[PDB]
>>> print(open('entry.tsv').read())   # TSV, C-alpha atoms and all ligand atoms
chain	number	residue	atom	x	y	z
A	1	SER	CA	83.40	26.08	-63.91
A	2	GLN	CA	82.92	22.46	-62.85
A	3	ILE	CA	85.39	19.67	-63.72
A	4	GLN	CA	84.14	17.54	-66.60
A	5	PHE	CA	84.51	13.77	-66.53
A	6	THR	CA	84.39	12.95	-70.23
A	7	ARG	CA	83.78	9.19	-69.82
A	8	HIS	CA	81.29	9.36	-66.95
A	9	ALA	CA	78.07	9.24	-68.95
A	10	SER	CA	79.30	6.33	-71.07
A	11	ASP	CA	80.42	4.52	-67.92
A	12	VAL	CA	77.01	5.06	-66.33
A	13	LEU	CA	75.23	3.67	-69.41
A	14	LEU	CA	77.52	0.65	-69.57
A	15	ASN	CA	76.79	-0.04	-65.91
A	16	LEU	CA	73.04	0.31	-66.47
A	17	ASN	CA	73.32	-2.23	-69.27
A	18	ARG	CA	75.17	-4.55	-66.91
A	19	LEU	CA	72.31	-4.20	-64.42
A	20	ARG	CA	69.81	-5.01	-67.19
A	21	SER	CA	71.86	-8.11	-68.11
A	22	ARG	CA	71.52	-9.31	-64.54
A	23	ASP	CA	67.87	-8.24	-64.22
A	24	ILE	CA	68.74	-5.94	-61.33
A	25	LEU	CA	66.02	-3.33	-60.64
A	26	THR	CA	64.34	-3.84	-64.01
A	27	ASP	CA	60.72	-2.76	-63.56
A	28	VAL	CA	58.97	-3.48	-66.84
A	29	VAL	CA	58.52	-6.20	-69.41
A	30	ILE	CA	58.00	-5.10	-73.01
A	31	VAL	CA	56.04	-7.72	-74.95
A	32	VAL	CA	56.59	-7.69	-78.70
A	33	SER	CA	54.61	-10.47	-80.42
A	34	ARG	CA	55.99	-13.77	-79.12
A	35	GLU	CA	59.05	-12.23	-77.40
A	36	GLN	CA	59.52	-10.32	-74.16
A	37	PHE	CA	62.24	-7.92	-73.04
A	38	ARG	CA	62.91	-6.62	-69.56
A	39	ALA	CA	64.20	-3.09	-69.01
A	40	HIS	CA	64.41	-0.07	-66.76
A	41	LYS	CA	61.55	2.39	-67.32
A	42	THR	CA	63.91	5.29	-66.66
A	43	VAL	CA	66.18	4.30	-69.54
A	44	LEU	CA	63.21	3.69	-71.85
A	45	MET	CA	61.86	7.16	-70.98
A	46	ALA	CA	65.26	8.71	-71.56
A	47	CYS	CA	65.52	7.18	-75.04
A	48	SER	CA	62.03	7.04	-76.56
A	49	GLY	CA	59.18	9.47	-77.04
A	50	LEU	CA	56.67	6.66	-76.86
A	51	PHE	CA	57.99	5.36	-73.52
A	52	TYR	CA	58.37	8.91	-72.19
A	53	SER	CA	54.76	9.73	-73.08
A	54	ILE	CA	53.50	6.51	-71.51
A	55	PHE	CA	55.32	6.58	-68.17
A	56	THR	CA	55.12	10.35	-67.55
A	57	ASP	CA	51.36	9.89	-67.30
A	58	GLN	CA	50.53	9.09	-63.68
A	59	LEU	CA	47.81	6.79	-65.00
A	60	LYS	CA	50.41	4.47	-66.59
A	61	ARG	CA	53.51	5.21	-64.43
A	62	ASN	CA	53.24	1.92	-62.53
A	63	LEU	CA	52.58	-0.48	-65.43
A	64	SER	CA	54.86	-3.53	-65.20
A	65	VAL	CA	53.92	-4.86	-68.65
A	66	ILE	CA	53.65	-3.00	-71.94
A	67	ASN	CA	52.29	-4.80	-74.99
A	68	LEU	CA	53.65	-3.20	-78.12
A	69	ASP	CA	51.70	-2.93	-81.35
A	70	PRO	CA	51.34	-6.45	-82.81
A	71	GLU	CA	52.87	-5.34	-86.10
A	72	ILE	CA	56.16	-4.32	-84.52
A	73	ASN	CA	59.04	-6.64	-85.38
A	74	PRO	CA	60.74	-8.07	-82.27
A	75	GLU	CA	64.10	-7.88	-84.16
A	76	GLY	CA	63.70	-4.18	-84.77
A	77	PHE	CA	62.75	-3.66	-81.15
A	78	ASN	CA	65.70	-5.73	-79.86
A	79	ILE	CA	68.14	-3.74	-81.99
A	80	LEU	CA	66.76	-0.47	-80.67
A	81	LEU	CA	66.69	-1.60	-77.03
A	82	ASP	CA	70.37	-2.55	-77.34
A	83	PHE	CA	71.06	0.87	-78.88
A	84	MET	CA	69.35	2.56	-75.93
A	85	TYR	CA	71.73	0.88	-73.52
A	86	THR	CA	74.92	1.03	-75.62
A	87	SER	CA	74.89	4.07	-77.99
A	88	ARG	CA	75.71	1.63	-80.83
A	89	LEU	CA	73.10	0.97	-83.53
A	90	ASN	CA	73.29	-2.27	-85.47
A	91	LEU	CA	72.01	-1.04	-88.87
A	92	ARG	CA	72.45	-3.34	-91.85
A	93	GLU	CA	70.89	-3.41	-95.29
A	94	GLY	CA	68.93	-6.54	-94.24
A	95	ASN	CA	67.31	-4.81	-91.24
A	96	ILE	CA	67.12	-1.12	-92.06
A	97	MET	CA	63.41	-0.96	-92.85
A	98	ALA	CA	62.41	-2.88	-89.71
A	99	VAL	CA	64.66	-0.71	-87.55
A	100	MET	CA	63.46	2.52	-89.15
A	101	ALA	CA	59.77	1.67	-88.84
A	102	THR	CA	60.27	0.56	-85.26
A	103	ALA	CA	62.12	3.77	-84.44
A	104	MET	CA	59.24	5.78	-85.89
A	105	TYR	CA	56.78	3.88	-83.63
A	106	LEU	CA	59.08	4.38	-80.60
A	107	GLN	CA	59.42	8.11	-81.45
A	108	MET	CA	63.25	8.08	-81.61
A	109	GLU	CA	63.54	10.98	-84.13
A	110	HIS	CA	67.38	11.14	-84.26
A	111	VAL	CA	67.54	7.40	-84.96
A	112	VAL	CA	64.92	7.74	-87.69
A	113	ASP	CA	66.97	10.57	-89.23
A	114	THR	CA	70.07	8.36	-89.10
A	115	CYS	CA	68.14	5.53	-90.82
A	116	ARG	CA	67.24	8.00	-93.59
A	117	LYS	CA	70.89	8.95	-93.97
A	118	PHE	CA	71.71	5.23	-94.14
A	119	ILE	CA	69.26	4.80	-96.99
A	120	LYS	CA	70.70	7.86	-98.75
A	121	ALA	CA	74.24	6.49	-98.43
A	122	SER	CA	73.31	3.00	-99.63
B	1	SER	CA	80.70	-2.51	-86.88
B	2	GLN	CA	77.75	-0.71	-85.27
B	3	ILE	CA	77.03	3.01	-85.77
B	4	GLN	CA	78.14	5.07	-82.78
B	5	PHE	CA	75.98	7.89	-81.45
B	6	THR	CA	78.56	10.02	-79.68
B	7	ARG	CA	76.08	12.12	-77.67
B	8	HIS	CA	73.67	9.34	-76.71
B	9	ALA	CA	75.08	8.49	-73.29
B	10	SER	CA	75.26	12.15	-72.27
B	11	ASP	CA	71.70	12.67	-73.51
B	12	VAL	CA	70.51	9.67	-71.50
B	13	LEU	CA	72.17	10.99	-68.33
B	14	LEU	CA	70.73	14.47	-68.84
B	15	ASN	CA	67.28	12.93	-69.23
B	16	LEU	CA	67.73	10.82	-66.09
B	17	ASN	CA	68.63	13.98	-64.21
B	18	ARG	CA	65.48	15.61	-65.55
B	19	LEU	CA	63.46	12.66	-64.23
B	20	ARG	CA	65.15	13.04	-60.82
B	21	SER	CA	64.28	16.76	-60.83
B	22	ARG	CA	60.64	15.84	-61.29
B	23	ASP	CA	60.78	12.91	-58.86
B	24	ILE	CA	59.74	10.50	-61.62
B	25	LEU	CA	60.49	6.85	-60.77
B	26	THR	CA	62.89	7.75	-57.96
B	27	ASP	CA	62.92	4.75	-55.61
B	28	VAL	CA	65.13	5.71	-52.68
B	29	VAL	CA	65.69	8.49	-50.20
B	30	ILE	CA	69.25	9.02	-48.98
B	31	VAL	CA	69.27	10.60	-45.53
B	32	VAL	CA	72.41	12.54	-44.66
B	33	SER	CA	72.16	14.12	-41.19
B	34	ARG	CA	69.30	16.64	-41.33
B	35	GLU	CA	68.92	16.53	-45.15
B	36	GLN	CA	67.35	14.03	-47.53
B	37	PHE	CA	67.92	13.39	-51.23
B	38	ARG	CA	65.82	11.32	-53.59
B	39	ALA	CA	67.43	9.34	-56.41
B	40	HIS	CA	67.28	6.35	-58.70
B	41	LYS	CA	68.97	3.27	-57.23
B	42	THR	CA	70.19	2.28	-60.68
B	43	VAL	CA	72.13	5.52	-61.10
B	44	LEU	CA	73.53	5.29	-57.56
B	45	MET	CA	74.69	1.72	-58.28
B	46	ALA	CA	76.23	2.80	-61.57
B	47	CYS	CA	78.25	5.56	-59.86
B	48	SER	CA	79.24	4.35	-56.39
B	49	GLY	CA	80.84	1.26	-54.94
B	50	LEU	CA	78.97	1.73	-51.69
B	51	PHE	CA	75.57	1.92	-53.39
B	52	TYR	CA	76.48	-0.94	-55.74
B	53	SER	CA	77.48	-3.15	-52.81
B	54	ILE	CA	74.31	-2.30	-50.91
B	55	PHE	CA	71.69	-2.80	-53.63
B	56	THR	CA	73.29	-5.82	-55.35
B	57	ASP	CA	72.62	-7.72	-52.13
B	58	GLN	CA	69.14	-9.22	-52.38
B	59	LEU	CA	68.78	-8.56	-48.66
B	60	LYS	CA	68.93	-4.78	-49.21
B	61	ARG	CA	67.74	-4.51	-52.86
B	62	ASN	CA	64.30	-3.18	-51.87
B	63	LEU	CA	65.30	-0.60	-49.24
B	64	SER	CA	63.52	2.71	-49.85
B	65	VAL	CA	65.57	4.63	-47.27
B	66	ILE	CA	69.32	4.63	-46.70
B	67	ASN	CA	70.74	6.46	-43.70
B	68	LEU	CA	74.30	7.49	-44.42
B	69	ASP	CA	77.01	7.62	-41.78
B	70	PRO	CA	76.21	10.53	-39.42
B	71	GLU	CA	79.63	12.06	-39.99
B	72	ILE	CA	79.09	12.50	-43.72
B	73	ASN	CA	78.64	16.12	-44.77
B	74	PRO	CA	75.37	16.71	-46.64
B	75	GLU	CA	77.22	19.31	-48.83
B	76	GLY	CA	79.78	16.76	-49.91
B	77	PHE	CA	77.03	14.26	-50.65
B	78	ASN	CA	74.97	16.81	-52.62
B	79	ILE	CA	77.99	17.72	-54.75
B	80	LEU	CA	78.66	14.08	-55.52
B	81	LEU	CA	75.02	13.23	-56.26
B	82	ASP	CA	74.94	16.10	-58.77
B	83	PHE	CA	78.17	14.77	-60.30
B	84	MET	CA	76.60	11.32	-60.68
B	85	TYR	CA	73.80	12.78	-62.76
B	86	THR	CA	75.78	15.40	-64.71
B	87	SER	CA	79.44	14.30	-65.18
B	88	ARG	CA	80.47	17.72	-63.77
B	89	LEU	CA	82.17	17.90	-60.37
B	90	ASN	CA	81.96	21.12	-58.41
B	91	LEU	CA	85.38	21.04	-56.69
B	92	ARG	CA	86.58	24.22	-54.98
B	93	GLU	CA	89.28	24.90	-52.45
B	94	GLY	CA	86.55	25.52	-49.82
B	95	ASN	CA	84.96	22.08	-50.31
B	96	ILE	CA	87.70	19.75	-51.49
B	97	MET	CA	88.24	17.90	-48.22
B	98	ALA	CA	84.51	17.30	-47.67
B	99	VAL	CA	84.08	16.10	-51.24
B	100	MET	CA	87.15	13.86	-51.10
B	101	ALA	CA	86.21	12.24	-47.80
B	102	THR	CA	82.67	11.72	-49.00
B	103	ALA	CA	83.89	10.16	-52.23
B	104	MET	CA	86.07	7.77	-50.21
B	105	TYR	CA	83.00	6.73	-48.16
B	106	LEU	CA	80.91	6.33	-51.35
B	107	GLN	CA	83.72	4.29	-52.97
B	108	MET	CA	84.06	6.54	-56.06
B	109	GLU	CA	87.78	5.78	-56.68
B	110	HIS	CA	88.19	7.88	-59.87
B	111	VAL	CA	86.67	10.90	-58.11
B	112	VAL	CA	88.97	10.39	-55.13
B	113	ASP	CA	91.95	10.24	-57.52
B	114	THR	CA	90.76	13.47	-59.14
B	115	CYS	CA	90.48	15.12	-55.70
B	116	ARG	CA	94.11	14.11	-55.05
B	117	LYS	CA	95.15	15.67	-58.35
B	118	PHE	CA	93.24	18.81	-57.33
B	119	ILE	CA	95.22	18.99	-54.11
B	120	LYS	CA	98.48	18.43	-56.01
B	121	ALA	CA	97.64	21.24	-58.45
B	122	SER	CA	96.61	23.68	-55.72
C	201	LIG	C1	61.73	18.61	-74.51
C	201	LIG	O1	60.62	18.31	-75.25
C	201	LIG	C2	60.20	17.06	-75.52
C	201	LIG	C3	60.37	16.00	-74.66
C	201	LIG	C4	59.91	14.73	-74.99
C	201	LIG	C5	59.26	14.54	-76.18
C	201	LIG	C6	58.76	13.18	-76.65
C	201	LIG	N1	59.30	13.02	-77.93
C	201	LIG	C7	60.61	12.44	-78.09
C	201	LIG	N2	61.21	11.98	-76.92
C	201	LIG	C8	62.45	11.39	-77.07
C	201	LIG	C9	63.16	11.23	-78.24
C	201	LIG	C10	64.35	10.59	-77.91
C	201	LIG	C11	64.22	10.36	-76.53
C	201	LIG	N3	63.18	10.89	-76.10
C	201	LIG	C12	62.83	10.86	-74.77
C	201	LIG	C13	63.05	12.08	-73.91
C	201	LIG	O2	63.37	13.11	-74.39
C	201	LIG	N4	62.83	11.94	-72.51
C	201	LIG	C14	62.89	12.98	-71.55
C	201	LIG	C15	62.66	14.31	-71.90
C	201	LIG	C16	62.65	15.30	-70.90
C	201	LIG	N5	62.82	14.99	-69.64
C	201	LIG	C17	63.01	13.73	-69.27
C	201	LIG	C18	63.03	12.71	-70.22
C	201	LIG	CL1	63.25	11.08	-69.73
C	201	LIG	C19	62.53	11.73	-79.44
C	201	LIG	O3	63.07	11.64	-80.54
C	201	LIG	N6	61.28	12.32	-79.32
C	201	LIG	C20	59.12	15.61	-77.03
C	201	LIG	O4	58.48	15.37	-78.21
C	201	LIG	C21	58.24	16.44	-79.08
C	201	LIG	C22	59.57	16.86	-76.72
C	202	LIG	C1	84.04	-4.81	-61.96
C	202	LIG	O1	84.42	-4.90	-60.65
C	202	LIG	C2	83.92	-4.14	-59.66
C	202	LIG	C3	82.62	-3.69	-59.64
C	202	LIG	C4	82.16	-2.91	-58.58
C	202	LIG	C5	82.99	-2.61	-57.54
C	202	LIG	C6	82.58	-1.75	-56.36
C	202	LIG	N1	83.58	-0.77	-56.29
C	202	LIG	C7	83.46	0.45	-57.05
C	202	LIG	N2	82.27	0.59	-57.76
C	202	LIG	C8	82.13	1.77	-58.46
C	202	LIG	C9	83.04	2.80	-58.57
C	202	LIG	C10	82.47	3.77	-59.39
C	202	LIG	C11	81.20	3.25	-59.67
C	202	LIG	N3	81.09	2.10	-59.19
C	202	LIG	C12	79.95	1.34	-59.36
C	202	LIG	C13	79.94	0.24	-60.39
C	202	LIG	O2	80.94	-0.09	-60.94
C	202	LIG	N4	78.69	-0.41	-60.64
C	202	LIG	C14	78.50	-1.53	-61.49
C	202	LIG	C15	79.52	-2.43	-61.76
C	202	LIG	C16	79.25	-3.56	-62.54
C	202	LIG	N5	78.04	-3.81	-62.99
C	202	LIG	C17	77.04	-2.98	-62.73
C	202	LIG	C18	77.25	-1.84	-61.96
C	202	LIG	CL1	75.95	-0.79	-61.60
C	202	LIG	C19	84.28	2.62	-57.84
C	202	LIG	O3	85.17	3.47	-57.85
C	202	LIG	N6	84.44	1.45	-57.11
C	202	LIG	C20	84.29	-3.07	-57.59
C	202	LIG	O4	85.09	-2.75	-56.54
C	202	LIG	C21	86.40	-3.25	-56.51
C	202	LIG	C22	84.76	-3.83	-58.62
>>> encode(input="entry.tsv", output="structure tokens")
Amino acid sequence: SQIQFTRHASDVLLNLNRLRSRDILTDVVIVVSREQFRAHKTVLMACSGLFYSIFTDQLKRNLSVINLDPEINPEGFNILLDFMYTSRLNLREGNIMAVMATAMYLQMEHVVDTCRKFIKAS
Amino acid sequence: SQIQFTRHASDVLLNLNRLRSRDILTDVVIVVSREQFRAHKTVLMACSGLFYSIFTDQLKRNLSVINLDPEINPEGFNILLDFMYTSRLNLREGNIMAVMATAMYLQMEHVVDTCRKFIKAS
């Protein structure tokens, strides 16, 4: 019976992305080969099975640096990080395989399924 | 030209609320008279002009406790905190004034405007 604010969640996410852009309250650096990306652990956990599994463990909860698998493409990771914070996925025929493999590694099942649909439709 | 995931933002918010429910990565306690509420500063900043103005200031960025104005009703605050994390506002004729006044204090203009519409429609 509560009143629904249909833009609230999108507004929240946009504002979280603004905070990331200003490095406000970011609490982890994700290192991917020669590149690094700062983020909020909460958003990573909300969007990725890998990050959820890492930070839910009290043993790893306070890590400030995560080194991703050396074989992960920083491009693929960047695309997915921007998706996490925007709901918009930049899939193209020139990056689909990198994005899909990265999404498998990050355990983002719905994104992987969408990548498969992209392949089917191309 | 990016692919839009129309449920992603809502899913993120739901997951953030799940993290709050488990006290995972919460980083502030909001004290409101005799009650206390834990939350994520990022979500508070995303949803409230008061919290945004507080935590954007490097002087207050690292506060772990915020004591709200003693005149603020903990009920009104609780209702609004749950709105922040759910997009659903529990307005009723028995709580409208408390919620509205609290939303004014928290600088949640759209919620205040909605409270005014509620009054107009009642
Ligand atoms: C409810 O059963 C779960 C929960 C979690 C996992 C991990 N696998 C996974 N996780 C994903 C996605 C997409 C985002 N997430 C993160 C997420 O759901 N986070 C979250 C969940 C519950 N409460 C708070 C939070 Cl932050 C994904 O495709 N697979 C699971 O794997 C089988 C099952
Ligand atoms: C863009 O101009 C602004 C930004 C902020 C304020 C503070 N007044 C206010 N803030 C509100 C609501 C509802 C949620 N918020 C928080 C918010 O917008 N947070 C945010 C903004 C930009 N980047 C990152 C973040 Cl976290 C509200 O009704 N009034 C402003 O007041 C005039 C103007």
>>> residues_near_ligand(input="entry.tsv", ligand="ligand LIG 201 (chain C)", cutoff="7 Å", atoms="all atoms listed in the file", output="PDB file with C-alpha atoms, keeping the file's coordinate frame")
ATOM      1  CA  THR A  42      63.910   5.290 -66.660  1.00  0.00           C
ATOM      2  CA  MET A  45      61.860   7.160 -70.980  1.00  0.00           C
ATOM      3  CA  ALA A  46      65.260   8.710 -71.560  1.00  0.00           C
ATOM      4  CA  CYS A  47      65.520   7.180 -75.040  1.00  0.00           C
ATOM      5  CA  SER A  48      62.030   7.040 -76.560  1.00  0.00           C
ATOM      6  CA  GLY A  49      59.180   9.470 -77.040  1.00  0.00           C
ATOM      7  CA  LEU A  50      56.670   6.660 -76.860  1.00  0.00           C
ATOM      8  CA  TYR A  52      58.370   8.910 -72.190  1.00  0.00           C
ATOM      9  CA  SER A  53      54.760   9.730 -73.080  1.00  0.00           C
ATOM     10  CA  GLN A 107      59.420   8.110 -81.450  1.00  0.00           C
ATOM     11  CA  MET A 108      63.250   8.080 -81.610  1.00  0.00           C
ATOM     12  CA  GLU A 109      63.540  10.980 -84.130  1.00  0.00           C
ATOM     13  CA  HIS A 110      67.380  11.140 -84.260  1.00  0.00           C
TER      14      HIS A 110
ATOM     15  CA  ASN B  15      67.280  12.930 -69.230  1.00  0.00           C
ATOM     16  CA  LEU B  16      67.730  10.820 -66.090  1.00  0.00           C
ATOM     17  CA  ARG B  18      65.480  15.610 -65.550  1.00  0.00           C
ATOM     18  CA  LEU B  19      63.460  12.660 -64.230  1.00  0.00           C
TER      19      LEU B  19
END
>>> closest_residue(input="entry.tsv", among="B:119, B:72, B:66, B:79", to="residue B:29", atoms="all atoms listed in the file")
B:66
>>> residues_near_point(input="entry.tsv", point="(53.3, -3.9, -74.5)", cutoff="8 Å", atoms="all atoms listed in the file", output="NGL selection string")
:A and (29-32 or 65-69)
>>> interface_residues(input="entry.tsv", of="chain B", to="chain A", cutoff="9 Å", atoms="all atoms listed in the file", output="ChimeraX atom specification")
/B:1-16,19,24-25,40-43,45-47,55-56,61-62,83-92
>>> write_last_selection(input="entry.tsv", atoms="C-alpha atoms", output="tab-separated table (two decimals), keeping the file's coordinate frame")
chain	number	residue	atom	x	y	z
B	1	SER	CA	80.70	-2.51	-86.88
B	2	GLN	CA	77.75	-0.71	-85.27
B	3	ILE	CA	77.03	3.01	-85.77
B	4	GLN	CA	78.14	5.07	-82.78
B	5	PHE	CA	75.98	7.89	-81.45
B	6	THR	CA	78.56	10.02	-79.68
B	7	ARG	CA	76.08	12.12	-77.67
B	8	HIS	CA	73.67	9.34	-76.71
B	9	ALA	CA	75.08	8.49	-73.29
B	10	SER	CA	75.26	12.15	-72.27
B	11	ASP	CA	71.70	12.67	-73.51
B	12	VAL	CA	70.51	9.67	-71.50
B	13	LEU	CA	72.17	10.99	-68.33
B	14	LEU	CA	70.73	14.47	-68.84
B	15	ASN	CA	67.28	12.93	-69.23
B	16	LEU	CA	67.73	10.82	-66.09
B	19	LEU	CA	63.46	12.66	-64.23
B	24	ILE	CA	59.74	10.50	-61.62
B	25	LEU	CA	60.49	6.85	-60.77
B	40	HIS	CA	67.28	6.35	-58.70
B	41	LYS	CA	68.97	3.27	-57.23
B	42	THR	CA	70.19	2.28	-60.68
B	43	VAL	CA	72.13	5.52	-61.10
B	45	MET	CA	74.69	1.72	-58.28
B	46	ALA	CA	76.23	2.80	-61.57
B	47	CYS	CA	78.25	5.56	-59.86
B	55	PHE	CA	71.69	-2.80	-53.63
B	56	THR	CA	73.29	-5.82	-55.35
B	61	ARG	CA	67.74	-4.51	-52.86
B	62	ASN	CA	64.30	-3.18	-51.87
B	83	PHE	CA	78.17	14.77	-60.30
B	84	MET	CA	76.60	11.32	-60.68
B	85	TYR	CA	73.80	12.78	-62.76
B	86	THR	CA	75.78	15.40	-64.71
B	87	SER	CA	79.44	14.30	-65.18
B	88	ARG	CA	80.47	17.72	-63.77
B	89	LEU	CA	82.17	17.90	-60.37
B	90	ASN	CA	81.96	21.12	-58.41
B	91	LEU	CA	85.38	21.04	-56.69
B	92	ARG	CA	86.58	24.22	-54.98
>>> atom_distance(input="entry.tsv", atom1="atom CA of residue B:95", atom2="atom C19 of ligand LIG 202 (chain C)")
20.9 Å
